[PDB]
Amino acid sequence: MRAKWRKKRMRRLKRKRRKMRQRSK
Amino acid sequence: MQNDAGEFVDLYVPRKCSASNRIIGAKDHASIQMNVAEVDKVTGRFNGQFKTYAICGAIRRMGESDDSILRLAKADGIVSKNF
Amino acid sequence: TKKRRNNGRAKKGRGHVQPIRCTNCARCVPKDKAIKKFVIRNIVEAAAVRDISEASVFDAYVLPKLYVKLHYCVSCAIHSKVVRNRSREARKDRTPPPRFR
Amino acid sequence: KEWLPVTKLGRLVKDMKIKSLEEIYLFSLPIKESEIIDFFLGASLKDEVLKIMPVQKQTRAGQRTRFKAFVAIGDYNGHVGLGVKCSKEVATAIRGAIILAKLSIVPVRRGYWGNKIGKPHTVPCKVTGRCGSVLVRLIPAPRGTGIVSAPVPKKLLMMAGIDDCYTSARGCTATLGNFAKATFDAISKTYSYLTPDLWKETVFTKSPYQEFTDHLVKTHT
Amino acid sequence: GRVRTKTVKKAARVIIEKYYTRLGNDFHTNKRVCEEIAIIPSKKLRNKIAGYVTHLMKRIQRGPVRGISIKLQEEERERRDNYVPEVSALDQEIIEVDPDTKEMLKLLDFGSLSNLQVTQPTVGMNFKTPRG
Amino acid sequence: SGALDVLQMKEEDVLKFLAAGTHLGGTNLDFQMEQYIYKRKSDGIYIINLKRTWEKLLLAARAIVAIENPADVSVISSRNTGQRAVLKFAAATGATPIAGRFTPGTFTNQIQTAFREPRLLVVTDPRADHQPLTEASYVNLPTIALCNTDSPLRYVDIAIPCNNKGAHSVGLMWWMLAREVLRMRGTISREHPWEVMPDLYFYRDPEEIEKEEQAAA
Amino acid sequence: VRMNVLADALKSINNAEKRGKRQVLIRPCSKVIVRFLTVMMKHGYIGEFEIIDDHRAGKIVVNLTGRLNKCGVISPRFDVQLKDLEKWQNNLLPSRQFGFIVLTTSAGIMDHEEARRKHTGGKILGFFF
RNA sequence: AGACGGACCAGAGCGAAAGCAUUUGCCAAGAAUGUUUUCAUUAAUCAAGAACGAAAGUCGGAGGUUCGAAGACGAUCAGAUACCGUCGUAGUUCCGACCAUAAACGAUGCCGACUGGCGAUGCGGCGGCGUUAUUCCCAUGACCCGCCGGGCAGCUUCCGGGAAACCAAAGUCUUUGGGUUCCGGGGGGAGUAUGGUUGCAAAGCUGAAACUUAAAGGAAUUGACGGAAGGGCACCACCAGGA
RNA sequence: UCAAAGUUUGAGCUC
Ligand SMILES: [Mg+2]
Ligand SMILES: [Mg+2]
Ligand SMILES: [Mg+2]
Ligand SMILES: [Mg+2]
Ligand SMILES: [Mg+2]
Ligand SMILES: [Mg+2]
Ligand SMILES: [Mg+2]
Ligand SMILES: [Mg+2]
Ligand SMILES: [Mg+2]
Ligand SMILES: [Mg+2]
Ligand SMILES: [Mg+2]
Ligand SMILES: [Mg+2]
Ligand SMILES: [Mg+2]
Ligand SMILES: [Mg+2]
Ligand SMILES: [Mg+2]
Ligand SMILES: [Mg+2]
Ligand SMILES: [Mg+2]
Ligand SMILES: [Zn+2]
Numbered sequence: 001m002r003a004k005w006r007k008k009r010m011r012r013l014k015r016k017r018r019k020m021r022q023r024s025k
Numbered sequence: 001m002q003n004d005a006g007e008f009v010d011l012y013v014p015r016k017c018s019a020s021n022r023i024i025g026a027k028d029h030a031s032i033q034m035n036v037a038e039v040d041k042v043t044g045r046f047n048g049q050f051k052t053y054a055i056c057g058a059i060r061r062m063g064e065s066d067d068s069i070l071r072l073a074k075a076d077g078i079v080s081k082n083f
Numbered sequence: 002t003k004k005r006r007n008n009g010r011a012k013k014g015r016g017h018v019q020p021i022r023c024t025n026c027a028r029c030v031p032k033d034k035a036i037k038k039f040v041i042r043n044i045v046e047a048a049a050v051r052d053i054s055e056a057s058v059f060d061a062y063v064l065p066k067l068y069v070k071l072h073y074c075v076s077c078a079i080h081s082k083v084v085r086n087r088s089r090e091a092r093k094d095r096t097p098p099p100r101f102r
Numbered sequence: 058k059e060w061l062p063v064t065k066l067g068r069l070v071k072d073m074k075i076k077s078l079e080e081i082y083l084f085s086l087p088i089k090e091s092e093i094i095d096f097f098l099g100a101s102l103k104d105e106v107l108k109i110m111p112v113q114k115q116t117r118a119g120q121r122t123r124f125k126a127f128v129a130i131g132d133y134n135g136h137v138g139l140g141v142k143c144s145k146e147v148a149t150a151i152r153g154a155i156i157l158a159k160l161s162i163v164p165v166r167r168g169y170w171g172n173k174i175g176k177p178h179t180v181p182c183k184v185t186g187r188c189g190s191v192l193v194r195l196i197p198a199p200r201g202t203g204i205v206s207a208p209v210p211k212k213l214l215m216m217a218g219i220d221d222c223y224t225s226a227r228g229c230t231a232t233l234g235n236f237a238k239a240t241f242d243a244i245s246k247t248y249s250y251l252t253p254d255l256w257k258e259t260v261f262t263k264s265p266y267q268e269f270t271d272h273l274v275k276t277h278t
Numbered sequence: 002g003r004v005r006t007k008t009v010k011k012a013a014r015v016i017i018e019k020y021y022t023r024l025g026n027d028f029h030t031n032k033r034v035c036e037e038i039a040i041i042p043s044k045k046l047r048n049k050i051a052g053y054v055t056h057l058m059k060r061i062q063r064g065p066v067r068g069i070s071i072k073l074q075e076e077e078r079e080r081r082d083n084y085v086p087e088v089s090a091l092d093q094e095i096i097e098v099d100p101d102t103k104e105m106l107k108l109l110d111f112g113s114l115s116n117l118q119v120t121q122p123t124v125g126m127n128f129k130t131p132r133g
Numbered sequence: 002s003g004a005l006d007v008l009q010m011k012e013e014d015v016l017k018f019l020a021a022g023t024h025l026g027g028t029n030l031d032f033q034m035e036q037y038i039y040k041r042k043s044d045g046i047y048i049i050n051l052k053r054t055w056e057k058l059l060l061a062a063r064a065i066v067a068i069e070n071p072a073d074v075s076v077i078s079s080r081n082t083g084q085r086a087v088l089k090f091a092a093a094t095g096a097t098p099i100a101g102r103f104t105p106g107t108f109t110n111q112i113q114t115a116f117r118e119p120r121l122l123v124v125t126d127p128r129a130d131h132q133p134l135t136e137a138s139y140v141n142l143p144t145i146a147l148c149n150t151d152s153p154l155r156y157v158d159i160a161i162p163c164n165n166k167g168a169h170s171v172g173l174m175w176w177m178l179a180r181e182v183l184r185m186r187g188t189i190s191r192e193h194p195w196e197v198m199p200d201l202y203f204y205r206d207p208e209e210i211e212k213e214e215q216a217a218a
Numbered sequence: 002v003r004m005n006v007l008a009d010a011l012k013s014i015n016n017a018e019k020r021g022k023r024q025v026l027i028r029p030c031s032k033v034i035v036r037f038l039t040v041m042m043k044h045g046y047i048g049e050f051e052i053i054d055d056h057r058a059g060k061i062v063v064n065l066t067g068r069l070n071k072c073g074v075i076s077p078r079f080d081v082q083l084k085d086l087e088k089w090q091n092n093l094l095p096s097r098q099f100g101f102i103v104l105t106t107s108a109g110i111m112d113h114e115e116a117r118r119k120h121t122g123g124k125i126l127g128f129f130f
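Protein chains in written order, with the deposited numbering: chain n, 1 to 25; chain VV, 1 to 83; chain aa, 2 to 102; chain CC, 58 to 278; chain RR, 2 to 133; chain AA, 2 to 218; chain WW, 2 to 130.
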């Protein structure tokens with residue numbers, strides 16, 4: 001994975017983590 | 001070099017350029033000994049005595065040596081002070 | 002390692018320049034890096050004028066000219082074979098050859 | 058066996074007139090012929106093969122291995138030499154290295170630490186030397202301390218006869234060649250160091266070519 | 002292709018350089034010269050040597066060669082250098098001199114000279130080579 | 002040489018210098034060659050003071066005389082301009098010439114056939130003879146050299162200012178050196194002129210050569 | 002801004018002595034510098050310099066000889082006890098035989114050996130050898 | 001109707017930096033120069049704090065010519081949801097609101113000194129035969145030959161340094177200290193997590209650990225390869241053809 | 001005045 005996807009993929013990841021934590025709140 | 005007793009200890013005292021006052025090394029292959037013929041003033045023939053001027057290699061390869069020499073001659077009255 | 006001193010361009014005091022669209026491509030090249038060619042040329046070059054000169058009415062009537070100024074992009078230039086590769090040493094020789102060609 | 062010499066220096070030496078190679082170092086003359094040194098010091102001289110190092114450049118046919126010899130030579134007073142030769146086989150490689158070292162032998166300047174009574178034993182001052190990456194500072198030491206250094210520097214400075222000397226090192230000593238070239242420049246610049254001793258103006262003795270110009274011309278063309 | 006080897010060529014230069022006079026242009030005669038004076042074991046070697054020796058003799062007979070010192074050329078150089086004209090070109094009845102060398106000699110001791118002429122100044126300042 | 006009217010320059014010789022155009026230097030000027038320049042002209046050529054040229058010449062006399070055994074002088078010129086000169090000088094002085102194509106590594110490579118080990122050198126032009134200079138660092142050689150204003154003073158120890166560009170001033174400077182070496186020792190009297198003509202030292206062009214052979218025929 | 006006059010001057014001379022230059026012009030004339038030169042001069046390391054008085058900070062012209070390997074400075078001016086003098090002069094010099102460390106004192110500007118005779122510690126200025 | 005002001009356009013200029021080029025007018029500023037102008041230490045660098053800060057992105061209007069993310073279809077292709085094409089949305093334009101990120105590169109912090117040349121150039125200033133317009137002189141303009149200050153760059157060398165590539169600076173270093181900020185200490189894990197703060201959002205900023213692992217990289221040499229170029233050869237290559 | 005050209009036993013290379 002080129003840094004293009006490392007950085008962009010971590011962005012898609014951060015959206016997923018924020019939602020998963022919100023349902024638990 | 002000597003101690004209190006006065007003994008010269010080094011086996012060979014090296015030459016020192018006359019122009020820079022820099023001691024010429026054991027492997028300075030750009031070094032020199034210019035021997036200058038002395039002249040019988042009236043006659044214009046060789047007396048017998050020479051006039052040595054030693055130069056370091058460094059100033060030679062920098063290129064200001066021929067001026068330095070001209071200065072030595074003109075200082076020692078070899079070249080005209082009028083010039 | 003540093004391949005060239007000027008980075009294939011002429012940006013020493015300035016800072017930015019306007020981009021151009023390639024003719025053969027449309028590749029965007031900085032005008033200052035971009036290759037500039039002022040080609041003026043006869044609408045009829047040499048072989049044609051001898052043929053076309055037959056087609057003219059008047060004996061020796063001068064032809065107007067075709068005042069172009071071309072810019073190409075790099076990969077096109079090597080493909081169109083305007084410029085050749087040079088050696089590391091010859092690279093600094095930035096004088097163009099005389100006017101034999 | 059018989060060295061019939063060609064050069065000007067060679068023929069004056071051969072006739073047994075020029076008594077020491079210090080007389081030549083005074084005038085910075087290139088010591089091309091090895092038989093002069095074998096004439097003068099051949100007895101007390103001692104050799105040490107430092108290492109055999111196999112470099113190999115790749116070919117279509119494997120790679121051509123060829124060995125590179127390091128050779129320390131030197132009598133324990135004053136003089137030392139350093140020969141380096143690369144060749145395909147050891148006998149010629151070592152011989153030619155030994156000749157090149159003998160050609161290159163230089164004197165070491167030695168003075169007194171502290172109290173001047175007695176004979177000079179250590180280094181005069183804090184001398185340094187380098188080659189490539191490696192830097193090696195030599196330091197003055199008092200009598201009887203010994204050579205505080207690595208086996209290698211220790212091993213040479215003995216051969217030159219420098220009993221007491223502290224050392225400091227820096228960089229990639231692993232490049233051995235560089236370590237030897239740098240400690241060699243160190244001990245070379247000892248006779249090139251300008252002490253107040255030498256403020257005394259030099260007496261310019263007559264050059265051996267001047268004294269013997271008619272001899273070499275009469276002996277040969 | 003009938004091309005000469007270095008053993009062919011060096012032999013021909015040695016033959017013409019050592020015995021230019023004995024040698025000549027025709028192969029079959031100067032062959033007799035080459036076989037007599039030089040013992041060539043093979044006839045092919047003999048004949049090749051002779052044929053390049055011949056054509057080379059014609060080259061020298063045509064003219065002087067660049068990268069070789071002929072003794073004859075040494076004699077002609079001694080002859081040419083001893084060639085002297087009637088008078089030297091330096092001896093001149095009048096010598097032209099610029100105003101600076103006039104002013105400098107007049108400040109020096111050498112003020113008045115018989116055959117001098119302080120010539121006119123070079124008017125029209127165009128000495129620099131064009132830029133670009 | 003200093004403070005001595007005997008060895009000083011003559012009215013004929015001054016006319017000879019000016020006739021060659023020795024005073025007439027080049028267009029470009031190195032910052033080291035300032036001492037020898039007098040002044041600038043209109044048209045931009047620097048005029049060399051010929052008395053100090055003279056003085057350097059007398060220094061040459063002293064040096065050549067100081068070399069006791071004359072064999073160990075070496076005299077080089079690669080270009081033809083000083084080719085007849087170095088020969089004529091070797092003829093008169095008894096020196097060992099090097100005429101064209103100075104084989105590199107002659108002074109360093111022992112096994113090489115032409116290994117000469119002289120004690121003094123005289124070059125006609127530094128740029129063309131850079132290879133001698135690079136050897137002249139490896140061997141302890143002093144050096145005389147004819148140098149123009151452009152000439153660079155790397156490794157040169159006694160440059161002589163002349164119009165080394167011109168043919169006449171060059172051959173002439175060589176003739177004067179051969180004279181002065183002879184006059185400064187017990188050989189010649191200053192009453193007579195030297196028989197030899199400076200055009201004996203000169204360079205002749207092949208057209209002038211065809212002109213001579215044609216005039217002969 | 003220009004802080005240390007001496008610090009500029011001593012570099013200028015060391016970049017002269019490396020090139021074997023013959024005489025050197027230094028642009029700001031300070032009294033401490035002047036004392037420094039007179040110290041080296043009485044002891045014979047250089048010739049006779051001369052100072053160009055302008056109703057201003059003067060200039061100074063040193064006719065240089067060739068015996069000076071280096072002439073250095075120590076900024077900041079450290080205090081030096083007699084305890085530390087040996088460690089300083091050890092680590093700061095080529096040898097135990099020659100070379101000097103010059104420090105100005107209440108007593109006055111003088112060499113370290115003279116400080117050893119007089120029993121006087123003080124503020125290190127610089128050194129030379 | 002709205003973009004855009006070609007060619008003139010340079011190894012040229014100015015700007016703190018991004019960058020800045022249709023005409024004319026208004027407003028104020030400034031580097032640099034000449035100066036026997038006034039004051040007489042008023043200065044340099046800086047955590048905290050602050051102004052500006054290309055493109056994309058965002059919110060409102062205004063405007064919506066071209067191109068053109070997205071998207072559709074038509075083509076090649078084993079597959080192409082791409083490279084090719086026809087359309088074509090947001091955006092691209094202006095005003096007003098946010099934002100503070102680029103290889104934001106000279107990948108080179110600011111002041112201060114010293115040590116080699118060489119020619120060219122831009123500005124201000126000075127000096128100096130003569131040409132050439134003002135025409136009818138002066139004093140200006142265009143040339144011309146120089147000197148001075150600093151300025152964008154260039155070339156140059158055994159200055160010396162540097163692992164080398166290279167640098168009159170990347171110099172003045174074991175002969176190590178002119179002044180002062182920032183910042184790095186094996187690779188990965190990871191600019192992630194957790195916490196804090198800002199923002200409408202996009203995201204920015206500060207910023208760990210576990211665990212794993214003996215190597216990761218730079219410059220330069222010789223090969224080998226090249227759907228990169230230049231040279232040269234061969235009917236087991238081609239060309240011309242034949243079984 | 002540029003559509004394309006992918007792989008290769010696990011069964012042993014080397015100072
Ligand atoms: Mg327009
Ligand atoms: Mg930008
Ligand atoms: Mg801060
Ligand atoms: Mg924007
Ligand atoms: Mg925007
Ligand atoms: Mg919005
Ligand atoms: Mg489109
Ligand atoms: Mg489809
Ligand atoms: Mg499309
Ligand atoms: Mg950035
Ligand atoms: Mg440091
Ligand atoms: Mg780490
Ligand atoms: Mg492992
Ligand atoms: Mg086959
Ligand atoms: Mg064919
Ligand atoms: Mg493809
Ligand atoms: Mg397999
Ligand atoms: Zn292109």
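All C-beta atoms in this analysis are idealised placements derived from N, C-alpha and C, irrespective of residue type, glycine included.
- For WW:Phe101, no CB of chain CC lies under 8 Å from its own CB, so it is not counted at the interface with that chain.
- Rounded to whole angstroms, the gap between the alpha carbons of AA:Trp55 and CC:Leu69 is 39 Å.
- Under the rule that a run must span 4 or more residues, the alpha helix (DSSP H) segments found entirely inside the region 32-116 of chain AA read 51-67 and 84-94.
- A direct Cα-to-Cα measurement between CC:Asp104 and CC:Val137 gives close to 10 Å.
- Under a 10 Å Cβ-count criterion, AA:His24 is classified as buried, with 16 or more other Cβ atoms of the shown protein chains found around its own Cβ.
- Note on CC:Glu90: 16 or more other CB atoms within 10 angstroms of its CB, so buried under the neighbour-count rule.
- Residue-level contact by beta carbon holds for WW:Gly67 and chain VV, with a gap shorter than 8 Å.
- In the DSSP assignment, WW:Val25 is bridged to WW:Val63.
- The Cβ atoms of AA:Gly45 and RR:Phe128 sit closer than 8 Å to each other.
- Under the DSSP definition of a beta bridge, VV:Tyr53 partners with VV:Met34.
- Sequence-distant partners of CC:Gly140 (beyond 5 residues in either direction) whose C-beta falls short of 6 Å from its own C-beta, in its chain, are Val128, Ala154, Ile155, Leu157 and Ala158.
- The shortest CA-to-CA distance from AA:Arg102 to any of AA:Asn81, AA:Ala96 and AA:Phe90 is the one to AA:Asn81.
- Here CC:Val205 has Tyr223 as same chain residues with Cβ atoms under 6 Å from its own Cβ, once five neighbours each way along the sequence are excluded.
- Here CC:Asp104 carries a strand assignment [DSSP, helix/strand/coil].
- Between AA:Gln132 and WW:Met4, the alpha-carbon positions lie close to 51 Å from each other.
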